[PDB]
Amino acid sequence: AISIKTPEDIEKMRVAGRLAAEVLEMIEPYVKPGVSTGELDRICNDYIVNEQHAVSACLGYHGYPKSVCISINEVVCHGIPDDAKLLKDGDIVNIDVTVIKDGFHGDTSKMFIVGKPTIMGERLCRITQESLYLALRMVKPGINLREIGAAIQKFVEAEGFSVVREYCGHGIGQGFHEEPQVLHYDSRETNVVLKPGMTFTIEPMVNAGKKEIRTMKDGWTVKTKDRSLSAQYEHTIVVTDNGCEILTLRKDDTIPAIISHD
């Protein structure tokens, strides 16, 4: 079943979600042409462990060897930090962080555009963030997840892009990936009504081309089948009595942390 978090659990998820957001805030000035993805991962890991006094949920998870996932251009998700892989002008890069603090998880990702942006990279990243935000604005008690996944898909396809169908958002708490699955597209299979105290992620992945993806031979890296660009943003939220509260908000977000309906 889906766990309802207690008020004390929610306070612990505020703290873990803030730490995760803070990793994304911190790492920004380091993202520039010529830096390696391995070095970015080391900086993040060292900050989580030594500064935040927390740990990466990603390190060792099902054997994963690094602390964050770093996904460039046509890599959709789960890109593996590599000391040999250097960023360059125009690259779009997702950094996905999940921190554990006091046994609670905070999970968030954002795109960075490296150096001189390309038109396509700027547009894809903006539409992706807007897809997340439109979903965030819908969350409240009594709505069905289906409606949220439908709204993301409608908006994205109207902008000429496609929604990746795997790798959905998820419940989160003391576990990293809990129920429910949070699909970012319309499915007749989806039927989950929200209630206050649920905690879950929304994390749409949007491809500039077609939706299909492929897992590479390293067993982790996922790429677009068509080699088009792919972008993603993620937040962790808690459902409140009248809306939701974003637990991984950053200073650069332009949506309020607390979304109230009435």
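Note that residue numbering follows the sequence shown and begins at 1.
The mean C-alpha temperature factor is higher for 187-195 when 187-195 and 148-156 are set side by side. Judged by mean Cα B factor in the deposited record, 205-213 ranks above the other of 229-237 and 205-213.
The PDB entry assigns the greatest CA B-factor among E179, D107, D91, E130 to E179. Of the candidates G38, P33, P29, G60, the deposited coordinates give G60 the top C-alpha B factor. In this PDB entry, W220 carries a Cα temperature factor that places it within the highest third of its chain's modelled residues. In the PDB entry, a CA B factor belonging to the lowest third of its chain's modelled residues is recorded for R250. Ranked by C-alpha B-factor against the other modelled residues of its chain, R165 falls in the highest third. Residue-level temperature factors show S56 in the lowest third of its chain, judged at the C-alpha atom. Among the modelled residues of its chain, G173 has a C-alpha B-factor that falls in the lowest third according to the deposited record.
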